[PDB]
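The structure appears right after this line, and notes come after that.
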Amino acid sequence: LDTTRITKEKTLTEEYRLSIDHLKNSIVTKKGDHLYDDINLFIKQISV
Amino acid sequence: XXXXXXXXXXXXXXXXXXXXXXXXXXXXXXXXXXXXXXXXXXXXXXXXXXXXXXXXXXXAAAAXXXXXXXXXXX
Amino acid sequence: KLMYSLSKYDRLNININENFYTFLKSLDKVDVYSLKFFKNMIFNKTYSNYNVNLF
Amino acid sequence: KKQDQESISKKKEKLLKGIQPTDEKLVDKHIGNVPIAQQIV
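Each protein sequence line maps, in turn, to chains BI, BT, Bd and Bx.
The first sequence finishes on residue 1510 if you use the deposited numbering, and the numbering steps up by one all the way, no holes.
Per the deposited numbering: the second sequence = residues 77 to 138, 140 to 151.
The third sequence finishes on residue 110 if you use the deposited numbering, and the numbering steps up by one all the way, no holes.
The fourth sequence finishes on residue 222 if you use the deposited numbering, and the numbering steps up by one all the way, no holes.
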């Protein structure tokens, strides 16, 4: 059974952040832009 | 060929599969959803948007319409 | 190669694929997910909160 | 029906001078300008 279960080795918590930053650098963001609100929250929802 | 057998499951094939569901189901709107998108072919800096594009169509145009457009604050 | 395959270069086989072409690569940068939402909205395939259901 | 006016060949060079290209940091391959394509949609 333990073969299936997760470990902290295989997770991806940093590889998400590396990709999101590639979006912000690549994509324009403004208050009118729908991505601006969720991403700045998303950044807090990791570093916090 | 071995690389294709290697990076098979790791390949990204979800985006293409989405469009298939579009054309198959809603065959009508799909033609509109794809027609809605149409990126500009060439950019241009300074000009007078009032009639510069007006005269830019009457002359200096060959099988390609010219017109104004907005930008990231511009 | 070209001798084994040459029919790719018809104007009609390419001009038609350009519509599918940009839709895939304009996927991450632009709010085409909205267009998906409206496409379902016309035929009432969206599912909102105000509305009534027995689901 | 004629009038006194300039030549069209002169009108060509005038508009070409007023127009100038642009340079953005975000110029993707498959789509030309990323900010321009955003507001259009």
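Just so it is clear, CB atoms sit at the ideal spot from N, CA and C, and this is done for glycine as well.
Report the rounded CA-to-CA distance for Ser-190 of chain Bx versus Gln-184 of chain Bx, giving the unit in angstroms.
Spanning the alpha carbons of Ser-190 of chain Bx and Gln-184 of chain Bx requires a straight line of approximately 17 Å.
For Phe-78 of chain Bd, count neighbouring C-beta atoms within 10 Å of its own C-beta (all shown protein chains included) and say buried if the count is 16 or more, exposed if not.
By the beta-carbon neighbour count (other beta carbons within 10 angstroms, threshold 16), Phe-78 of chain Bd is buried.
Which residues, in order along the stretch 1494–1507 of chain BI, keep a beta-carbon less than 7 Å from a beta-carbon of chain Bd?
Per Cβ criterion, the list reads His-1496.
Measuring only between beta-carbons, confirm whether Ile-1489 of chain BI sits less than 8 Å from chain Bd.
So yes, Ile-1489 of chain BI belongs to the interface.
Can you tell which of BI:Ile-1468, BI:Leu-1474, BI:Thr-1465, BI:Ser-1488 has its C-alpha closest to the C-alpha of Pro-216 of chain Bx?
Answer by Cα proximity: BI:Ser-1488.
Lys-84 of chain Bd touches chain BI at which residues, Cβ-Cβ below 8 Å?
Neighbours of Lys-84 of chain Bd across chain BI, judged by C-beta separation under 8 Å: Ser-1488, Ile-1489.
In the structure shown, what three-state DSSP assignment does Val-215 of chain Bx receive?
Per DSSP, reduced to three states, the secondary structure at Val-215 of chain Bx is helical.
Does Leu-61 of chain Bd pass the burial test, meaning 16 or more other C-beta atoms within 10 Å, or should it be called exposed?
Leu-61 of chain Bd should be labelled exposed.
Assigned secondary structure, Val-107 of chain Bd (DSSP; H/G/I helix, E/B strand, else coil)
In the structure shown, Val-107 of chain Bd adopts coil according to DSSP, grouped into three states.
Helix, strand or coil at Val-208 of chain Bx according to DSSP, with G and I counted as helix:
Strand at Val-208 of chain Bx.
Given a cut-off of 8 Å on the beta-carbon distance, is the pair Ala-136 of chain BT and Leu-197 of chain Bx in contact?
Yes. Within cutoff.
Quick one, are the C-beta atoms of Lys-1492 of chain BI and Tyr-1498 of chain BI less than 8 Å apart?
Yes, these two residues count as a Cβ contact at 8 Å.
Please state the DSSP three-state secondary structure of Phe-93 of chain Bd.
Looking at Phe-93 of chain Bd - three-state DSSP - the assignment turns out to be helix.
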